[PDB]
Every structure is written in structure tokens, then in C-alpha cells.
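Below you'll find the structure, written out as C-alpha cells, and then a few comments.
What's counted below: heavy atoms across the whole structure, side chains too, no hydrogens, waters or symmetry copies. All chains are named by letter (A, B, ...) in the order of the sequence lines, taking the proteins before the strands, and each is independently numbered beginning at 1.
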Amino acid sequence: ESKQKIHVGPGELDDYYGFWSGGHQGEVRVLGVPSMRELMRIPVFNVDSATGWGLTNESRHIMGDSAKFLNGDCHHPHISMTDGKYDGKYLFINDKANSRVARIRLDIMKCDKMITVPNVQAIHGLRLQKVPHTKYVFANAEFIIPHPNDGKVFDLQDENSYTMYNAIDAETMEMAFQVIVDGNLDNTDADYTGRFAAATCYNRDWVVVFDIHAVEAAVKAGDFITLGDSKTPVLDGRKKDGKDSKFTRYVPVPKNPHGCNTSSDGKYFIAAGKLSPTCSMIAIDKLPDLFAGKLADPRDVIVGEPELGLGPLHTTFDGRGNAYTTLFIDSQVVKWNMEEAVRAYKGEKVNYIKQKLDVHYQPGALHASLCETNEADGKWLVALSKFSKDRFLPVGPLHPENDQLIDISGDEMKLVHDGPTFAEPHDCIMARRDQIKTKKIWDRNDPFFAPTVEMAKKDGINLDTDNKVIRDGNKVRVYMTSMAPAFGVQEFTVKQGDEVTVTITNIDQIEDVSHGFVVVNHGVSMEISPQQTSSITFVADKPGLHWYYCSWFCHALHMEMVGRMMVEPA
Amino acid sequence: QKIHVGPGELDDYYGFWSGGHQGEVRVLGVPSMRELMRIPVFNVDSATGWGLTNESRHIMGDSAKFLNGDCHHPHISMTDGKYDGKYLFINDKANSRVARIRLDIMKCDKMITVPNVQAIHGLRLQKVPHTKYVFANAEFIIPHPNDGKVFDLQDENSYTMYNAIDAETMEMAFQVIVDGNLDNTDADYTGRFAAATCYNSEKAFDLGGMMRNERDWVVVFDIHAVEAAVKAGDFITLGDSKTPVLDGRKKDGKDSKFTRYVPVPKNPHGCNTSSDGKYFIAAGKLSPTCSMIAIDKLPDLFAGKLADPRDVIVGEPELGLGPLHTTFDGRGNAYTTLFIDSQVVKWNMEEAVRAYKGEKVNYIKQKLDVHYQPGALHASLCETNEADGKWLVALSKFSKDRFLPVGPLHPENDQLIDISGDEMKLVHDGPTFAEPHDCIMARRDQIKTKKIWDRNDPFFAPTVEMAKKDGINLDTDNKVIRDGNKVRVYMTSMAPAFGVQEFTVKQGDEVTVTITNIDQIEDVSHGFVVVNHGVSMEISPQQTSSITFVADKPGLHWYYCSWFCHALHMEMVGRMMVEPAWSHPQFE
Ligand code: CUA
Ligand code: CUA
Ligand SMILES: [Ca+2]
Ligand SMILES: [Cl-]
Ligand SMILES: [Cl-]
Ligand code: NA
Ligand code: NA
């Protein structure tokens with residue numbers, strides 16, 4: 001019987017971390033599960049006034065040139081794995097809007113790396129290699145574009161118009177390789193060996209299967225081209241006059257397949273039918289024979305095609321042998337047994353459908369706890385539905401997404417909580433509490449602000465102790481420690497037009513004692529947590545006295561942790 | 001009392017949360033404490049395009065160049081001392097602004113940078129006869145003018161000001177120079193009086209200086225006197241602002257017509273009007289008390305019928321260490337946060353008053369442990385004469401171990417407390433991001449929202465005017481207007497298709513895309529994102545939205561609808577073709 005506790009009362013703690021995509025708002029969100037409360041916001045592609053992400057020098061360095069963009073469009077959060085189990089190291093997420101992949105360090109809960117994927121448009125589907133560990137992040141670029149895209153050729157049917165499958169080195173966050181494909185890429189997942197990955201494609205469509213070992217072999221042998229000014233190795237996984245690449249096989253699957261999900265037992269890539277009221281089950285164990293040319297037809301790797309309902313979009317797994325698929329049109333989650341569907345495909349009279357649960361309304365993605373791992377525990381399911389209609393109080397023309405928590409621990413799915421969320425997160429990922437280990441206090445050697453430590457060294461500054469103003473032409477570099485309730489530099493004087501950099505090192509050793517730094521009427525704001533160094537650059541374009549203050553309540557005398565910038569007129 | 005809202009059940013109250021240092025406003029359901037909406041205000045929102053669209057940047061004015069705000073004090077407009085559900089207002093301490101949110105469309109529709117001040121902190125609204133004025137404190141003393149000739153805070157022209165904004169026009173109404181600085185503020189239930197705590201009577205910049213005086217004060221404003229002086233022309237102006245400026249400073253021990261200074265200990269913080277209209281209650285912070293100012297003794301105070309300003313104090317209950325804010329159940333009880341003792345203390349106001357007169361009575365009813373270091377607190381409808389005594393939210397700054405660890409930065413703990421009975425009962429710990437500080441609740445029936453936009457809504461009326469100059473009917477037209485190096489694309493949109501699915505421009509052209517969502521169905525939002533150009537906005541049913549960007553990259557560039565709107569949503573795409581600069585006339 002499905003009978004888990006859903007109430008986390010005061011003083012009790014949640015059992016799982018939930019990492020939510022920030023949707024069109026561009027951040028990542030940390031929730032407690034089963035309470036479904038938001039514990040933290042992690043800025044990624046958004047500009048965060050609170051912490052200064054997008055304003056500070058540390059964040060803009062990580063964002064690189066893409067720091068000029070104030071927007072992102074997220075869908076697919078995933079956690080790094082070792083031996084097919086979450087290892088708690090990194091979270092990765094896509095940006096469809098400006099074609100990026102971001103990495104979040106789960107010990108500090110900050111974005112620490114970001115890459116603009118070269119020569120593509122719109123990074124949408126994203127999942128991680130599972131085995132032996134997450135060596136690659138796999139990222140779909142959705143839209144076909146000309147190559148080069150220099151304005152001479154606009155024809156999307158041109159032989160050099162295509163999109164590409166993208167592999168990013170998870171640890172260095174540099175491109176590993178790109179594979180040109182036929183069609184548009186939708187979603188993607190990886191097997192439990194490291195050899196295979198797959199993606200659904202549109203524009204009978206197909207699942208494209210990648211022999212990653214073959215791609216890697218060709219990269220090591222130098223058998224690749226490069227595109228534009230990117231050194232990324234580029235392999236051609238397209239068909240040519242009906243001849244296959246060594247890198248890809250195209251498996252025909254009903255029109256416009258959508259979700260592409262690897263079962264936790266490693267047996268299946270499951271492509272959701274969308275327009276077809278079905279899912280197609282690709283047997284991963286038959287893929288070696290497919291690439292060796294031992295099979296008669298690419299369709300032979302299909303071992304199941306359960307008929308489930310109207311509008312199947314995504315599938316997840318309880319680790320007990322059941323799959324759970326969203327039905328967008330029927331507005332349900334359908335629970336079905338995978339091995340029984342396989343036997344049905346062979347012609348046996350067996351009902352593989354176990355239950356349909358109405359959800360509210362029009363579900364897109366769904367996620368069961370630990371479903372992307374061989375430890376899928378079958379305890380919780382989140383279905384993320386697009387049209388909340390009357391499930392929450394009206395709040396004007398815009399509506400929240402309805403992310404519904406479902407107890408799947410027993411034979412019967414039970415709906416237990418409706419969670420409204422902002423800007424359509426689309427998908428989420430859960431981890432056991434003991435799978436995530438966070439720092440309470442920053443390490444002074446942390447790579448996040450290591451470039452700022454290096455700049456301080458060029459100025460002769462010991463960030464742990466010093467309170468000094470460095471003059472350098474029209475550049476002014478203030479360095480200070482902060483200890484509640486006092487800034488280490490409480491006043492400084494500059495010339496109108498000077499470019500001011502303020503570097504603050506929080507030397508409080510008490511956990512949870514955050515400081516802020518805001519320069520009034522200059523658009524300057526940032527947070528500095530214990531033992532962190534943060535810095536921000538602005539031009540003092542207004543003569544006169546200009547106050548700065550600590551924004552984060554840190555002390556009974558917080559309101560008086562302030563300072564003065566005096567700007568002498570030109 | 002209903003604590004938990006199950007699937008298909010609805011919340012009983014709207015909660016409007018300050019977005020803290022993050023700069024937005026958040027709409028919550030109460031008592032579930034789930035977030036139903038975010039309303040962008042001083043932040044740049046990728047999802048809806050606030051801060052990127054022409055409509056939002058027009059509202060923000062020149063302050064659209066800032067990507068940050070710092071919010072604390074959300075309040076709802078009132079008619080005859082009851083919420084009327086028309087507007088919400090909130091402060092920006094970071095760039096010295098006040099913003100207005102229209103509660104029917106749940107959008108910020110007006111914003112003002114308060115002139116000649118720094119840091120808008122305390123904010124509350126006139127209650128009676130209605131919210132004519134928004135009252136806003138500027139916290140920091142600055143020179144006037146602030147041209148960089150004088151930096152001395154002790155100069156006779158260094159001061160801060162109390163600010164009145166016309167709530168309906170969102171233009172400045174007046175400013176009152178005060179002594180000291182300004183912390184928090186509230187208004188009475190007659191329209192005559194407002195009041196503000198001051199923590200820096202010493203006009204210092206260092207911590208010890210700001211703490212020297214045994215008592216600072218709460219300054220009381222005679223708004224009737226201020227209005228009379230404005231109407232009489234007895235005022236000055238500062239710089240190029242035409243806002244009437246009145247001097248509410250003392251000059252050699254003689255009061256102005258506009259103010260009275262009530263001595264109150266010490267670095268007082270909260271300034272809360274009781275829901276029965278009897279008291280301004282100032283929280284003592286460094287003094288373990290609150291001071292109770294009898295509003296009905298204030299006319300006598302300004303009329304010289306009292307010998308000492310302290311004569312308007314009729315209670316000073318000792319409550320605990322670090323009183324910060326007070327709220328009211330409408331049953332005669334006040335609830336005050338104790339930041340150091342980490343508690344909410346429930347106490348009876350009329351009994352505190354009797355104790356001040358010497359009558360030994362125990363006005364303290366209950367002390368509830370909160371977790372940890374509470375700042376502001378808010379009981380449902382507490383700023384109105386309808387204070388219903390049902391729910392209390394105490395917003396604590398250090399959540400410590402109350403939630404799962406999430407790294408060095410911790411959430412705020414907003415704790416929901418049942419006060420409908422004699423005993424306060426903690427029912428829910430709510431984690432929030434970037435220290436909201438305070439919130440305001442309203443009954444479900446006090447808020448009425450629109451699901452579909454009116455085509456004449458002032459939010460995008462400037463865009464309609466622009467379209468008209470191009471001869472555009474926004475409800476029908478799908479046209480590309482060319483004007484030199486400017487391109488103005490106008491399109492209707494109806495799920496799952498953009499009305500204009502491709503268009504061609506020259507490299508370097510300034511492209512404005514105006515989209516009118518002509519779907520007439522609730523909750524069919526469209527999006528518009530131009531890939532790799534930093535362009536994103538939302539368009540809700542019957543809304544017109546527009547965004548301007550430079551086509552600086554030759555080649556083909558996809559745009560797509562970001563918001564799920566239709567089963568064929570992923571087909572709602574289009575293409576911008578950018579002809580390269582070397583094929584067009586060359587400039588320098
Ligand atoms: Cu430092 Cu508040
Ligand atoms: Cu329009 Cu999705
Ligand atoms: Ca003082
Ligand atoms: Cl998927
Ligand atoms: Cl207050
Ligand atoms: Na990078
Ligand atoms: Na304005």
C-alpha cells in the first residue's frame with residue numbers, strides 16, 4: 001500500500017533533495033521532498049540581484065562573453081553519476097535560449113562553469129553518461145542551421161544545413177565532440193555501459209543511436225573535421241545515399257517521437273510516441289548486433305510498442321519493473337510493466353497496463369526518485385503539468401505550472417500534493433538526502449573566486465587581512481574584509497568617472513552569517529558568504545557622497561553596517 | 001483552523017511577499033505557503049521579459065539600466081481603513097524607488113525614482129479616507145546639493161527627507177526634511193497623522209555615533225499642515241525637481257508646523273499602527289521595550305496643550321531582548337518580535353497602558369520560540385480595522401538547522417503561526433530566498449484578478465500608439481515595417497503559430513518585434529525567444545508585448561515560443577534572416 005508521510009512539520013527535515021529547472025526564468029531551484037518547499041535558488045542564466053550573479057566579476061568570468069545575456073530557457077536538470085548511481089558532484093542543465101550548458105557544483109550550490117556550444121542553435125535535450133561515470137554531458141541542438149551561417153545560404157534543405165549532437169567533457173566543461181545528424185534532435189539519454197547514447201528526432205521519424213566508442217576511436221585517430229573557428233572535433237553521423245555512418249544508426253519510430261528515457265535496469269531506450277498513442281522500446285542489448293551489421297532491419301531492435309493512451313510524452317521508472325508515462329491529451333500518468341509489454345509485442349495476450357491516474361492538467365515531463373540510476377527506489381514521482389487551471393487561486397493572466405507529487409511506493413499511485421511553480425520548470429531530478437553533501441563555509445582556495453585571489457596577488461593584497469585602496473590611473477581597487485557588523489573599509493574617495501572595483505572578503509567564521517554590499521543608485525549588489533571573496537566593478541559617474549550598505553541582515557546592528565563613497569567632481 | 005491545503009483545495013488568503021534582495025514581489029497562497037506567482041519589479045525576469053521588453057523599460061524609465069533592487073515593505077491600498085485590492089506598493093532601498101503593482105493584472109505598472117534622496121527603506125500607506133499618499137522613508141543623510149563640494153553629514157544642508165507619493169498618479173506629492181534619519185513608518189486612521197521611527201538622531205556615519213543617544217525619537221507628521229503649506233506656496237524645491245519641499249526640522253528648540261519629535265528608546269525600529277487606530281507602537285530594538293504613542297493625544301500635542309512630547313506616550317511595556325516589529329490580532333493583543341530572545345511575544349495593549357500608569361498588571365500573555373532571530377511579523381489584515389486574528393507570519397533571519405543544508409547561503413525561515421486562539425501555535429516553517437523581510441496577507445475575496453487582458457490596458461498603450469503611427473491594427477496585422485536601419489515587425493499570435501513566421505533584415509538593423517496574442521482562451525500564454533540574441537518575453541491572451549534588439553549576426557536565426565501553449569507548441573517557431581553587411585552599403 002502507498003502510504004508514505006508527506007507532511008514535514010516544523011523541526012523535521014525532508015528526505016530528498018529536488019533540483020528543479022527554472023524554466024524560462026533561467027535559474028536552478030533546490031526543493032525539499034516531500035514538503036515540496038523551495039530551499040534555495042541557484043542563479044545560472046538569470047541575473048540575480050540578491051547574490052549579484054551576473055553583476056559580480058566572478059560570475060561574469062564564468063559566464064564569459066555570454067554574460068551580456070540576461071536570459072535563459074531551462075528544461076533538463078541532471079546529476080552526475082559514477083557506476084550508474086548519483087555521486088553528488090555536479091548538476092548540469094541546458095539553455096535553449098542562448099545555446100549553453102551550465103555546470104553547478106553541488107557542494108557549494110553555485111554555477112561554477114558555463115559553455116556556449118559552438119556552431120549550433122538552441123540546446124534543448126540533455127542527459128548524462130551513466131557508466132563508468134559521467135565523462136560526457138550529451139546535449140541536443142534542436143534547430144537546423146546553415147554551415148557556415150554567414151548569410152550567403154539560408155536554405156534549410158542545403159547539404160550543409162543540419163544540426164548536431166553535442167558531447168561536453170563534464171569535468172573540464174570544454175567540448176569533447178559533435179556529431180552531425182539527419183533531422184531535428186528532441187530528447188536524449190545514455191545506456192549503462194558508456195558505449196551507447198540515443199536521441200529522438202523529428203523532420204515515420206526515428207531514434208538515432210550513437211556508438212560513442214566509434215566516435216571516440218575516430219577522434220583519437222584524427223578522423224574528423226572542424227567547423228568555423230571552433231577546434232571541436234566534428235564527425236558526420238548522417239546517412240549518405242542510404243549508407244550508414246560508423247557513428248550512428250537510425251531506428252524508425254512513429255511520427256515525432258518525444259521523450260527518450262533509459263530504463264533503470266539498462267534494458268531499454270524508450271521513446272514516447274506523442275502523435276502515436278504508444279511508446280517504442282529499443283533493446284539496448286541488440287544494439288551491438290545492429291552496428292555490426294548482424295540484423296536485417298533497424299526495426300529489429302524494437303522489442304515493444306505498448307499502446308498506452310493519447311499523447312505519450314515522457315517515461316520514468318520505479319525500479320520494480322514498471323514504467324510511468326505522461327499522457328498529455330488524456331491528462332494522466334499511465335503505469336505499465338515493461339516486460340509484459342515486450343511479451344505483448346511478440347503476440348501474447350497480456351495486459352501490461354496497471355493504472356492510469358488523472359493529473360491536472362496536460363502533463364509534460366515526469367520524474368521518479370533515483371530513476372536515472374540503477375538505484376531507482378520507486379518511492380516518489382513528480383508529474384509536471386502545464387495547465388493548472390483551477391487548482392490554485394487565480395493570480396492574473398499568467399498561471400503556474402502544477403508539479404504534482406505522487407506516492408508510487410505501493411501498487412497504487414496516490415496523488416498527494418499539488419506544487420505550483422513559476423515559468424514552467426518542465427522537469428526536475430531528486431536525490432536522497434545522503435547523496436548530497438554541501439559545504440557550510442567556503443574554502444579560501446575555492447576555484448570559484450580563484451581569479452580574484454590572483455588579481456589581489458598582483459596588487460600585493462592578502463585578502464584575509466587587508467583593508468586597502470589601490471589607485472591605478474582612473475582605476476580604483478578597494479579591498480576589504482567584512483565582519484558583522486562592520487565593513488573593513490567604511491569610506492573611500494574617488495574621482496568622478498573612475499572605474500571602481502570593490503573586493504570584499506567575509507572573515508566571519510560563523511555559518512549562516514552572510515553579508516551584502518549595495519551601492520545606492522549605482523545598480524551594484526552582491527552577497528559574500530563566510531570565507532568567500534566576492535568582487536564587483538562599476539563606474540563612479542555621479543559626484544557627491546554615495547552610501548553603501550550591507551544588504552543581508554547579519555546582526556542586531558545590521559541597519560548600521562554601512563559606508564560612504566565620496567566622488568570628487570571632474 | 002485549516003492548516004494544510006490538499007490537492008484540489010484552495011488557499012484562504014493571498015500572501016504578497018517582498019522579494020528581499022532579489023527585487024521581485026511574490027504571490028503566495030496562505031496557509032499552504034506555496035508560491036503561486038512571481039511579479040518582476042526591480043529584477044530582470046528572463047521568463048516574461050520584464051526589464052527587456054519596451055513596455056517594462058518604459059515603466060522603469062531611466063532606472064531600467066539597473067538590474068537590481070532591494071525590497072522590504074509590501075502594502076495594499078486601502079479605502080476607509082480596509083484593503084480595496086487595487087494596488088500593492090513596495091520600496092527599493094538599493095536604487096531609491098517606489099513601485100506600484102496593479103492587483104488585477106498582477107504586474108508592476110508604475111515606478112518612480114524618488115528625487116534628491118538615497119535609499120527608500122520604510123514604506124506604508126495612508127489608510128483613511130483612502131490611500132491617497134504612499135509614505136516612504138529615505139534612510140541615509142546626504143548633502144543638498146550632492147555635487148561633491150560638501151561631504152560633511154553635519155552641514156546645515158545635509159539631511160534626509162520623508163516622502164509622500166501620490167498613489168494614483170505615482171508622481172511625488174511632497175517631501176519633508178527631518179532631523180536625524182528615517183527607519184520605518186505608518187499612518188493613522190484619520191488621514192491627519194503619519195509617524196516614523198528615527199535611529200540616527202546623532203547624524204553620524206560610524207556605528208558608535210549612531211548608538212550614542214539614550215533616546216532617538218519617532219517623528220510625527222501633521223499631513224494636514226503639510227498640505228496647507230503646499231497649497232499656500234510655503235515651500236521650496238531642490239535641484240531640478242519641482243516636488244514641494246517642507247522643512248520639518250527643529251530650529252533652535254522650536255518645532256516646525258509639520259512635525260513633532262517624540263523621544264523613544266533606543267535606535268527604535270518598527271513603527272506599527274494598531275488596528276483599532278489607538279496607537280503608533282515603536283519597537284525599542286536596543287531598548288527591551290515598545291513605546292505606545294496615543295494617536296488621540298496628537299492633536300493636543302501639535303496644539304501646545306501638552307508640556308512635554310513624552311506626554312503622548314501612554315505605555316512602554318518591557319517585553320524582551322531586541323523588539324523589532326509589532327502586529328495585531330484585532331482582539332486587543334499585540335505581537336512583537338524579539339530578535340535576540342528569538343521569540344514572538346503576545347501582549348495586551350490596554351493592560352500595558354495600565355501598567356505604565358503604575359498599576360501592576362501582567363500584560364505579557366505568551367512567548368513563542370521562533371527559529372531564529374525574527375525580524376518583521378504580520379497578522380492577517382493587521383493594517384486594517386478588519387484585523388481578523390487568524391494567521392501570523394514571523395520572518396526569521398537565521399534558519400540554521402530547520403531545513404536541509406544547501407551550502408553556505410541559507411534560506412530565511414518564514415514561520416506560519418495560528419493565533420485564532422489564546423495560545424499561539426507554530427504550524428509551518430517556510431523557507432524563502434534572499435530575505436523577504438516582510439509580507440502582507442489579504443482574504444481571497446479582497447483580490448480580483450483578470451484572466452484576459454483588455455486591449456486598451458495602459459500597460460501597453462504606448463505600444464498601441466507606436467503601432468498606429470505605422471498604420472497598424474494590432475488585432476489583425478502581420479506586417480514588416482521598414483524604416484531606414486530600423487525594422488518593426490508586427491504580428492498576431494494564435495497557438496500554435498506565429499503570425500509572421502519569417503522575416504529578413506540587414507546586419508546591424510534595430511529590430512522591434514511586437515506580438516499581439518489574439519487567443520481569447522484563459523491561460524494560453526505565448527513566448528518569444530530569439531536564439532543567441534538575449535531576447536525573451538511572454539505574451540498573455542489579448543496582451544501586446546514588444547522587444548527591441550540589434551540583428552548583429554548575419555545568417556539565419558531561429559525564434560521560438562517558449563511557453564507551452566498547445567500540443568503543437570514545438571512547431572510554434574520562426575526564422576529571422578540577416579543579410580550580411582558586406583552585401584549592403586558600408587558605413588563608419
Ligand atoms: Cu552585514 Cu547586515
Ligand atoms: Cu506558443 Cu508554445
Ligand atoms: Ca541613535
Ligand atoms: Cl526525455
Ligand atoms: Cl515597521
Ligand atoms: Na566556460
Ligand atoms: Na514613472
Side-chain angles (χ1 to χ4, degrees), chain A residues 25 27 29-30 37-43 46-55 422 512-518 520 523-529 549-555 558-559 561, chain B residues 15-28 33 35 37-45 66-75 88-99 101 108 119-123 139 184 324-325 337 339 373-378 393-399 403 406 409-415 430-440:
Chain A
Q25 185 272 343
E27 85 205 346
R29 300 156 195 171
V30 181
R37 297 167 301 176
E38 178 186 276
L39 309 184
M40 186 49 54
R41 295 184 198 180
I42 305 175
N46 56 309
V47 180
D48 172 43
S49 173
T51 66
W53 181 269
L55 308 179
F422 176 74
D512 206 358
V513 182
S514 283
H515 307 139
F517 174 76
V518 172
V520 173
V524 171
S525 175
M526 72 182 181
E527 189 270 344
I528 322 97
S529 281
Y549 67 90
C550 167
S551 49
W552 291 75
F553 222 112
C554 65
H555 198 281
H558 144 80
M559 305 289 306
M561 175 162 175
Chain B
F16 297 96
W17 252 244
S18 149
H21 325 315
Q22 185 273 342
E24 82 204 349
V25 162
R26 293 154 203 173
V27 186
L28 301 214
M33 314 306 292
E35 180 195 88
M37 187 49 53
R38 307 190 189 169
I39 303 164
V41 178
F42 308 111
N43 56 304
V44 182
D45 174 42
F66 303 136
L67 314 188
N68 70 310
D70 192 15
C71 306
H72 306 81
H73 301 130
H75 301 277
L88 177 148
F89 298 85
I90 195 171
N91 70 293
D92 169 28
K93 184 170 169 171
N95 300 302
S96 312
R97 294 174 285 187
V98 173
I101 290 171
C108 171
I120 295 296
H121 179 62
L123 194 147
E139 185 167 348
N184 284 290
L324 287 198
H325 293 273
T337 52
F339 177 89
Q373 269 61 74
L377 84 174
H378 185 97
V393 176
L395 293 90
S396 282
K397 303 302 187 174
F398 299 122
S399 61
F403 307 110
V406 288
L409 187 54
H410 292 63
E412 187 176 87
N413 193 10
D414 300 342
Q415 291 181 289
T432 52
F433 177 73
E435 304 194 315
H437 186 68
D438 207 347
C439 65
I440 179 165

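- Listed by chain and residue number, A/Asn521 satisfy the side-chain hydrogen bond (donor to acceptor under 3.5 Å, both in side chains) test with B/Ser96 (two or more places apart in sequence, or in another chain).
- Between the side chains of B/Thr432 and B/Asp414, at least one donor N or O lies within less than 3.5 Å of an accepting N or O.
- Atom OG of B/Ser399 and atom CG of A/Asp512 lie 5.5 Å apart (nearest 0.5 Å).
- In this structure, B/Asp92 pairs ionically with B/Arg97, as a charged nitrogen and a carboxylate oxygen lie closer than 4.0 Å.
- B/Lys397 has its side chain within reach of B/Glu412: a pair of non-hydrogen atoms, C-beta onward, lies under 4.5 Å apart.
- Not one N or O on the side chain of B/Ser18 forms a donor-acceptor pair closer than 3.5 Å with the backbone of B/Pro74.
- Every residue two or more places apart in sequence or in another chain that forms a side-chain hydrogen bond (donor to acceptor under 3.5 Å, both in side chains) with B/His75 is listed here: B/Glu383.
- Relative ring orientation between B/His121 and B/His437 is described as tilted, the plane-to-plane angle lying within the 30° to 60° band.
- Between the side chain of B/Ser396 and the main chain of B/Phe398, no donor-acceptor pair closer than 3.5 Å is present.
- Residues B/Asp70 and B/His21 meet the side-chain proximity criterion, which asks for heavy atoms closer than 4.5 Å.
- Between the side chain of B/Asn68 and the main chain of B/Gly23, no donor-acceptor pair closer than 3.5 Å is present.
- Taken to the nearest 0.5 Å, the CG atom of B/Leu324 stands 4.5 Å off from the OG1 atom of B/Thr337.
- Residue A/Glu527 holds its CD atom at 5.5 Å from CH2 of A/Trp552, rounded to the nearest 0.5 Å.
- For B/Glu435 (side chain) and A/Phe553 (main-chain N/O), a donor-acceptor pair under 3.5 Å exists by modelled atom type.
- Under the side-chain contact (heavy atoms from CB on, under 4.5 Å) criterion, B/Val44 pairs with A/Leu70, B/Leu52, B/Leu67, not counting sequence neighbours.
- No donor-acceptor pair under 3.5 Å is formed between the side chain of A/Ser49 and the backbone N or O of B/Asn43.
- Note: B/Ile39 CD1 to B/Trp17 CH2 = 13.5 Å, rounded to the nearest 0.5 Å.
- Checked by atom type and distance alone, the side chain of B/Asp438 never pairs as donor or acceptor with a backbone atom of B/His73 at under 3.5 Å.
- Not a single donor-acceptor pair under 3.5 Å links the side chain of A/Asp48 to the backbone N or O of A/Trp53.
- The pair A/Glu27-B/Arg38 meets the salt-bridge criterion, since a charged nitrogen lies less than 4.0 angstrom from a carboxylate oxygen.
- Side-chain contact between A/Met561 and A/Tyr549 is absent, with no heavy atoms from C-beta onward closer than 4.5 Å.
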